[PDB]
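To start, the structure itself, in structure tokens.
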2 protein chains.
Amino acid sequence: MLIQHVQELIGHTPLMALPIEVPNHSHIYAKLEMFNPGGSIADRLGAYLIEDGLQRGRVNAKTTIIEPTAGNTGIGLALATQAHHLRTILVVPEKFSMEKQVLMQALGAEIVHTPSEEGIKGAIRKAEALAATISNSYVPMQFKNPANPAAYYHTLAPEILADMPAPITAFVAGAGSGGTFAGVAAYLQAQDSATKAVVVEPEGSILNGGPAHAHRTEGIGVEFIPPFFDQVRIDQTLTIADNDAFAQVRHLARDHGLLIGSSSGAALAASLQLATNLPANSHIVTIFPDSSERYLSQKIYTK
Amino acid sequence: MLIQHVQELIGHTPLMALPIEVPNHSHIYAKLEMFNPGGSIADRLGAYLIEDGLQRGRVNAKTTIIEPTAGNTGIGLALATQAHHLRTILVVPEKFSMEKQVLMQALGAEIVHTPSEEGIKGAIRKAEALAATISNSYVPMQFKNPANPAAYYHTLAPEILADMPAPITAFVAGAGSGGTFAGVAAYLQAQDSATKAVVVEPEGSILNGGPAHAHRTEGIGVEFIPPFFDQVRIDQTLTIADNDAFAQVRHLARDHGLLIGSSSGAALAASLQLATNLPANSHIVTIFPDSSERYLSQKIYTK
Ligand SMILES: CSCC[C@H](/N=C/c1c(COP(=O)(O)O)cnc(C)c1O)C(=O)O
Ligand SMILES: CSCC[C@H](/N=C/c1c(COP(=O)(O)O)cnc(C)c1O)C(=O)O
């Protein structure tokens, strides 16, 4: 394949039939989003948000994009903005992966650091605050903007179907902003009412009423129920334990050469769990958002 | 694309015509080998090496593979040996990228650390010594084994020609083992004598008689002149400065969303340099062996 710009490599990621032991002898399919130029499923979102921002006449040549992110979206966004020569300011909460930040910076963005404890909420508050002091500015707001799920709706979703060798029994996915799950579940359920949708979250997330605290799994986890969920018939909301997610990261890497992040491990943990209360010979599809190489600074592969 | 195992992702890497300013208004094409499952062009060698090892009846189910690597070859070899249930011991000099080491152990290899000052030469001596204490063992020996250049000869080389939109004026490549350069130059020069072959080494490397010292650029650099060089007519040997390599690593990421390792920077450095003693409108092809995300622990993006 011959490419001119890096943006061409966004999407069209492989779908792998994990050569692993699945209960009731069913099959789990994962989309290796880490093969995106920026190394995360977020690359898609980023390009799309900026596109939407342009088409809606809310962004121009000298506009200053400001957005709260945990890092991966910041990367996907910085890549897009970089392509359009758009000044970028990313607001990210203090304790997230060093590499994401270095990468964000490396791609040309300017990071604003909010207190670890304030989480995404503080980052969002801070982004909007700054947006109000910068006249020519646009805040994509990936946690509310509908363009978010719309993004995965026309790219990811169709791509999953195209590779699937059979009817998708269920679709498990991790949720950070929710965008990925929603936008894809939306498309899949609207092509087969049967496809059950399942959201996954780390212990310490609110999606299941649990108490709100900090988790070791990174990338997923919510601090308020995501607005993009009324477009999907949520068949079940699973809360995966930290050790469970990481244990999977370790295994997949040691037994099937799969370098996957925690969010990806949590997804696999969830998908394998759902496999038990599902008909035999079923067909589950899930998403691995990024590589474990992105969390090597956190000793991801340690116990 | 639907895949069964990760090994199916090795190779068929994109060829990018870098959207950058070039001397004499020529063009530089780079093969983004960081898109391999293991994140490096080494994935190729690792597979081929073990493959050759089997066909030559030098490897069996219970054999212990021992190889001196700087990390990448080790990762690719770990993948391949993991695929055949082969025990792996990788001898790597002390000061190479941490991530490479983590990945190597996470993939299942066992690392043996040689002194940083002894370099690859200390790594080789140690490999061979260990190899002689283990009866059923095979040392692929990427620095001497002809399977090395051969591996890229039938994969990488053809791949380049496949996408190249015009005759290749010259092919610039970094050298660590020599393999990649020799292998690809060999094929290319035998498909067009006009195609010039240029090797690239970091300051501190012996190719140009320089004094032998430690360099910041990682992945390339030789401590003896690689034997695979008699198969190619070396048209020029460029020794690239550390700052030069890294300055490119910085630029491509801040201007064209390209996350590249130092080895890929020295490469671009040398390629652009050559564009100045080459006809106008020329066509140069080079190779970016791995991502910058692999040297984040080393502050790759810092000045
Ligand atoms: C915690 S919050 C965060 C958000 C995003 N992410 C995100 C993510 C996910 C989810 O996805 P969504 O669309 O749902 O958000 C997964 N994984 C991973 C790794 C990631 O990073 C960013 O980055 O900004
Ligand atoms: C002494 S040097 C070392 C060798 C290998 N590498 C290698 C490499 C290169 C070169 O390639 P070659 O085939 O020539 O060796 C580049 N880059 C990168 C990143 C890398 O890692 C290993 O790893 O072991």
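Labels used: A, B, ... for chains in the order of the structure tokens, numbers from 1 for residues in each chain, and numbers from 1 for ligands as shown.
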Per residue of chain B within 8 Å of ligand 2, record the nearest atom pair and its distance in Å to one decimal, counting only C-alpha atoms and all ligand atoms, with rows in chain order and ascending residue number, as a Markdown table.
| residue | atom | partner | partner_atom_place_in_ligand_line | distance |
| --- | --- | --- | --- | --- |
| B:40 | CA | ligand 2 | 19 (C) | 6.6 |
| B:41 | CA | ligand 2 | 18 (C) | 7.4 |
| B:42 | CA | ligand 2 | 6 (N) | 6.6 |
| B:45 | CA | ligand 2 | 13 (O) | 7.9 |
| B:68 | CA | ligand 2 | 24 (O) | 6.5 |
| B:69 | CA | ligand 2 | 24 (O) | 3.2 |
| B:70 | CA | ligand 2 | 24 (O) | 3.9 |
| B:71 | CA | ligand 2 | 23 (O) | 4.2 |
| B:72 | CA | ligand 2 | 23 (O) | 3.6 |
| B:73 | CA | ligand 2 | 23 (O) | 4.0 |
| B:74 | CA | ligand 2 | 24 (O) | 5.9 |
| B:75 | CA | ligand 2 | 23 (O) | 7.9 |
| B:92 | CA | ligand 2 | 24 (O) | 7.9 |
| B:119 | CA | ligand 2 | 1 (C) | 7.9 |
| B:120 | CA | ligand 2 | 1 (C) | 5.5 |
| B:142 | CA | ligand 2 | 4 (C) | 7.6 |
| B:143 | CA | ligand 2 | 15 (O) | 7.7 |
| B:148 | CA | ligand 2 | 13 (O) | 7.3 |
| B:149 | CA | ligand 2 | 13 (O) | 7.5 |
| B:173 | CA | ligand 2 | 14 (O) | 7.5 |
| B:174 | CA | ligand 2 | 10 (C) | 5.7 |
| B:175 | CA | ligand 2 | 14 (O) | 3.6 |
| B:176 | CA | ligand 2 | 2 (S) | 3.4 |
| B:177 | CA | ligand 2 | 15 (O) | 3.4 |
| B:178 | CA | ligand 2 | 14 (O) | 3.7 |
| B:179 | CA | ligand 2 | 13 (O) | 4.0 |
| B:180 | CA | ligand 2 | 13 (O) | 4.0 |
| B:181 | CA | ligand 2 | 14 (O) | 5.6 |
| B:182 | CA | ligand 2 | 14 (O) | 7.8 |
| B:218 | CA | ligand 2 | 19 (C) | 6.2 |
| B:219 | CA | ligand 2 | 20 (C) | 3.6 |
| B:220 | CA | ligand 2 | 2 (S) | 4.8 |
| B:221 | CA | ligand 2 | 2 (S) | 5.8 |
| B:222 | CA | ligand 2 | 1 (C) | 5.8 |
| B:223 | CA | ligand 2 | 1 (C) | 7.5 |
| B:261 | CA | ligand 2 | 19 (C) | 6.7 |
| B:262 | CA | ligand 2 | 19 (C) | 7.6 |
| B:263 | CA | ligand 2 | 17 (N) | 5.0 |
| B:264 | CA | ligand 2 | 17 (N) | 6.9 |
| B:288 | CA | ligand 2 | 17 (N) | 7.3 |
| B:289 | CA | ligand 2 | 17 (N) | 4.6 |
| B:290 | CA | ligand 2 | 19 (C) | 5.2 |
| B:291 | CA | ligand 2 | 19 (C) | 8.0 |
Residues just named, written with C-alpha atoms as a PDB file, in the first residue's frame:
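The result, written out as again15.pdb:
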ATOM      1  CA  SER B  40       9.641  -3.222  14.324  1.00  0.00           C
ATOM      2  CA  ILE B  41      11.047  -4.420  11.013  1.00  0.00           C
ATOM      3  CA  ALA B  42      12.706  -7.070  13.156  1.00  0.00           C
ATOM      4  CA  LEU B  45      13.804 -11.491  10.652  1.00  0.00           C
ATOM      5  CA  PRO B  68      22.312 -11.772  21.029  1.00  0.00           C
ATOM      6  CA  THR B  69      19.962  -8.862  20.330  1.00  0.00           C
ATOM      7  CA  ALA B  70      19.550  -5.176  21.143  1.00  0.00           C
ATOM      8  CA  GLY B  71      15.872  -5.858  21.717  1.00  0.00           C
ATOM      9  CA  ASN B  72      13.918  -5.645  18.466  1.00  0.00           C
ATOM     10  CA  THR B  73      15.277  -8.775  16.841  1.00  0.00           C
ATOM     11  CA  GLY B  74      14.630 -10.235  20.291  1.00  0.00           C
ATOM     12  CA  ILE B  75      10.968  -9.205  20.212  1.00  0.00           C
ATOM     13  CA  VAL B  92      21.016  -8.117  25.450  1.00  0.00           C
ATOM     14  CA  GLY B 119      28.293  -3.807  23.369  1.00  0.00           C
ATOM     15  CA  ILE B 120      26.959  -6.267  20.845  1.00  0.00           C
ATOM     16  CA  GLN B 142      21.739 -12.441  13.081  1.00  0.00           C
ATOM     17  CA  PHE B 143      25.129 -10.817  12.599  1.00  0.00           C
ATOM     18  CA  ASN B 148      19.160 -12.515   7.715  1.00  0.00           C
ATOM     19  CA  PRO B 149      19.593 -10.566   4.451  1.00  0.00           C
ATOM     20  CA  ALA B 173      19.157   2.144   5.021  1.00  0.00           C
ATOM     21  CA  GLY B 174      20.397   2.114   8.585  1.00  0.00           C
ATOM     22  CA  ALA B 175      22.682  -0.712   9.663  1.00  0.00           C
ATOM     23  CA  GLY B 176      22.850  -2.626  12.922  1.00  0.00           C
ATOM     24  CA  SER B 177      23.439  -6.193  11.759  1.00  0.00           C
ATOM     25  CA  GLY B 178      23.596  -5.097   8.141  1.00  0.00           C
ATOM     26  CA  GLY B 179      20.909  -7.579   7.154  1.00  0.00           C
ATOM     27  CA  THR B 180      18.143  -5.167   6.133  1.00  0.00           C
ATOM     28  CA  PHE B 181      20.462  -3.017   4.040  1.00  0.00           C
ATOM     29  CA  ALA B 182      22.330  -5.863   2.365  1.00  0.00           C
ATOM     30  CA  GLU B 218      19.515   3.283  18.864  1.00  0.00           C
ATOM     31  CA  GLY B 219      19.067   0.228  16.694  1.00  0.00           C
ATOM     32  CA  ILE B 220      21.826   0.930  14.196  1.00  0.00           C
ATOM     33  CA  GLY B 221      25.586   1.092  14.704  1.00  0.00           C
ATOM     34  CA  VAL B 222      28.172  -1.581  13.987  1.00  0.00           C
ATOM     35  CA  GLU B 223      31.142  -2.883  16.025  1.00  0.00           C
ATOM     36  CA  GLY B 261      12.600   5.995  16.442  1.00  0.00           C
ATOM     37  CA  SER B 262      16.102   7.496  16.289  1.00  0.00           C
ATOM     38  CA  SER B 263      17.195   4.860  13.753  1.00  0.00           C
ATOM     39  CA  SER B 264      14.394   6.147  11.541  1.00  0.00           C
ATOM     40  CA  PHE B 288      11.898   3.585   9.380  1.00  0.00           C
ATOM     41  CA  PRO B 289      12.431   0.379  11.477  1.00  0.00           C
ATOM     42  CA  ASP B 290      10.419   1.296  14.595  1.00  0.00           C
ATOM     43  CA  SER B 291       8.312   3.775  16.565  1.00  0.00           C
TER      44      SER B 291
END
Could you give me, as CSV, a per-residue list for chain A showing, wherever an atom lies at most 6 Å from an atom of chain B, the closest pair of atoms and their distance in Å to one decimal, using only C-alpha atoms and sorting by chain then residue number from low to high?
residue,atom,partner,partner_atom,distance
A:1,CA,B:14,CA,5.2
A:2,CA,B:15,CA,4.9
A:3,CA,B:16,CA,4.8
A:4,CA,B:17,CA,5.2
A:14,CA,B:1,CA,5.2
A:15,CA,B:2,CA,5.2
A:16,CA,B:3,CA,5.0
A:17,CA,B:4,CA,5.4
A:79,CA,B:257,CA,5.8
A:106,CA,B:254,CA,5.6
A:107,CA,B:254,CA,4.5
A:108,CA,B:254,CA,5.0
A:163,CA,B:2,CA,5.6
A:253,CA,B:107,CA,5.5
A:254,CA,B:107,CA,4.6
A:257,CA,B:107,CA,5.9
Residue selection dump (N, CA, C and O atoms) as a PDB file, in the first residue's frame:
ATOM      1  N   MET A   1       0.843  -1.233   0.000  1.00  0.00           N
ATOM      2  CA  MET A   1       0.000   0.000   0.000  1.00  0.00           C
ATOM      3  C   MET A   1       0.862   1.260   0.000  1.00  0.00           C
ATOM      4  O   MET A   1       1.814   1.348   0.762  1.00  0.00           O
ATOM      5  N   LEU A   2       0.529   2.234  -0.843  1.00  0.00           N
ATOM      6  CA  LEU A   2       1.292   3.485  -0.903  1.00  0.00           C
ATOM      7  C   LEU A   2       0.492   4.651  -0.334  1.00  0.00           C
ATOM      8  O   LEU A   2      -0.589   4.962  -0.825  1.00  0.00           O
ATOM      9  N   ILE A   3       1.020   5.299   0.698  1.00  0.00           N
ATOM     10  CA  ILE A   3       0.319   6.425   1.296  1.00  0.00           C
ATOM     11  C   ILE A   3       1.113   7.718   1.209  1.00  0.00           C
ATOM     12  O   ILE A   3       2.344   7.708   1.135  1.00  0.00           O
ATOM     13  N   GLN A   4       0.381   8.829   1.216  1.00  0.00           N
ATOM     14  CA  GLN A   4       0.952  10.172   1.126  1.00  0.00           C
ATOM     15  C   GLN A   4       1.043  10.842   2.489  1.00  0.00           C
ATOM     16  O   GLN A   4       2.017  11.543   2.782  1.00  0.00           O
ATOM     17  N   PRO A  14      -7.380  -4.546  11.878  1.00  0.00           N
ATOM     18  CA  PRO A  14      -7.702  -5.970  11.843  1.00  0.00           C
ATOM     19  C   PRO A  14      -8.676  -6.434  12.925  1.00  0.00           C
ATOM     20  O   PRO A  14      -8.754  -5.836  14.005  1.00  0.00           O
ATOM     21  N   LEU A  15      -9.432  -7.489  12.599  1.00  0.00           N
ATOM     22  CA  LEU A  15     -10.388  -8.128  13.514  1.00  0.00           C
ATOM     23  C   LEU A  15      -9.789  -9.515  13.712  1.00  0.00           C
ATOM     24  O   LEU A  15      -9.631 -10.284  12.747  1.00  0.00           O
ATOM     25  N   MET A  16      -9.443  -9.827  14.958  1.00  0.00           N
ATOM     26  CA  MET A  16      -8.794 -11.093  15.252  1.00  0.00           C
ATOM     27  C   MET A  16      -9.617 -12.056  16.060  1.00  0.00           C
ATOM     28  O   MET A  16     -10.212 -11.702  17.074  1.00  0.00           O
ATOM     29  N   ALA A  17      -9.634 -13.292  15.590  1.00  0.00           N
ATOM     30  CA  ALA A  17     -10.359 -14.347  16.264  1.00  0.00           C
ATOM     31  C   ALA A  17      -9.411 -14.930  17.316  1.00  0.00           C
ATOM     32  O   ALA A  17      -8.716 -15.930  17.084  1.00  0.00           O
ATOM     33  N   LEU A  79      -3.330  14.872  16.055  1.00  0.00           N
ATOM     34  CA  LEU A  79      -2.962  14.367  14.737  1.00  0.00           C
ATOM     35  C   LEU A  79      -3.796  15.074  13.687  1.00  0.00           C
ATOM     36  O   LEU A  79      -3.290  15.532  12.659  1.00  0.00           O
ATOM     37  N   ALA A 106       4.630  15.951  21.676  1.00  0.00           N
ATOM     38  CA  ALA A 106       5.410  15.685  20.475  1.00  0.00           C
ATOM     39  C   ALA A 106       4.652  15.989  19.187  1.00  0.00           C
ATOM     40  O   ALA A 106       5.252  16.436  18.206  1.00  0.00           O
ATOM     41  N   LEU A 107       3.343  15.744  19.198  1.00  0.00           N
ATOM     42  CA  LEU A 107       2.485  15.986  18.044  1.00  0.00           C
ATOM     43  C   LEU A 107       2.116  17.446  17.877  1.00  0.00           C
ATOM     44  O   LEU A 107       1.318  17.780  17.012  1.00  0.00           O
ATOM     45  N   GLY A 108       2.661  18.302  18.738  1.00  0.00           N
ATOM     46  CA  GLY A 108       2.388  19.730  18.663  1.00  0.00           C
ATOM     47  C   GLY A 108       1.401  20.363  19.639  1.00  0.00           C
ATOM     48  O   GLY A 108       1.254  21.593  19.644  1.00  0.00           O
ATOM     49  N   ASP A 163     -15.904  -8.030   8.316  1.00  0.00           N
ATOM     50  CA  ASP A 163     -14.947  -9.088   8.651  1.00  0.00           C
ATOM     51  C   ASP A 163     -15.571 -10.293   9.348  1.00  0.00           C
ATOM     52  O   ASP A 163     -15.082 -11.418   9.218  1.00  0.00           O
ATOM     53  N   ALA A 253      -0.248 -11.576  26.192  1.00  0.00           N
ATOM     54  CA  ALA A 253       1.085 -11.219  25.735  1.00  0.00           C
ATOM     55  C   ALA A 253       2.036 -12.402  25.833  1.00  0.00           C
ATOM     56  O   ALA A 253       2.863 -12.605  24.946  1.00  0.00           O
ATOM     57  N   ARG A 254       1.906 -13.187  26.903  1.00  0.00           N
ATOM     58  CA  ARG A 254       2.774 -14.343  27.117  1.00  0.00           C
ATOM     59  C   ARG A 254       2.405 -15.576  26.330  1.00  0.00           C
ATOM     60  O   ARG A 254       3.274 -16.388  26.021  1.00  0.00           O
ATOM     61  N   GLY A 257       1.241 -13.612  21.936  1.00  0.00           N
ATOM     62  CA  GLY A 257       1.875 -12.383  21.490  1.00  0.00           C
ATOM     63  C   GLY A 257       0.979 -11.180  21.262  1.00  0.00           C
ATOM     64  O   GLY A 257       1.100 -10.490  20.252  1.00  0.00           O
TER      65      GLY A 257
END
(Q) If chain B is superposed onto chain A by least squares using every Cα atom in order, what is the RMSD, in Å to one decimal? (A)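 The superposed chains show a C-alpha RMSD of 0.2 Å.
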(Q) So the first atom is CA of residue 157 in chain B and the second is CA of residue 138 in chain B; what is the distance between them in Å, to one decimal place? (A) 27.2 Å
Q: Go ahead and compute the interatomic distance for CA of residue 112 in chain B and CA of residue 90 in chain B, in Å to one decimal.
A: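 Between CA of residue 112 in chain B and CA of residue 90 in chain B the gap works out to 6.1 Å.
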**Q.** DSSP helix (DSSP H, G or I) residues within range 86-143 of chain A, listed as JSON, numbers by chain
**A.** {"A": [98, 99, 100, 101, 102, 103, 104, 105, 106, 116, 117, 118, 119, 120, 121, 122, 123, 124, 125, 126, 127, 128, 129, 130, 131]}
Q: Using DSSP on the backbone coordinates, identify the residues of range 117-196 of chain B assigned to strand (DSSP E); present them as an NGL selection string.
A: :B and (137-138 or 170-174 or 196)
Residues from the last selection, C-alpha atoms, saved as a tab-separated table (two decimals), in the first residue's frame:
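File selection_1.tsv, as written:
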chain	number	residue	atom	x	y	z
B	137	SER	CA	20.45	-25.13	21.39
B	138	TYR	CA	20.56	-23.03	18.25
B	170	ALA	CA	18.91	5.18	-4.50
B	171	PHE	CA	18.07	3.17	-1.41
B	172	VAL	CA	19.23	4.46	1.99
B	173	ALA	CA	19.16	2.14	5.02
B	174	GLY	CA	20.40	2.11	8.58
B	196	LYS	CA	22.49	3.15	-5.65
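Atom pair CA of residue 248 in chain B / CA of residue 265 in chain B: separated by 5.1 Å.
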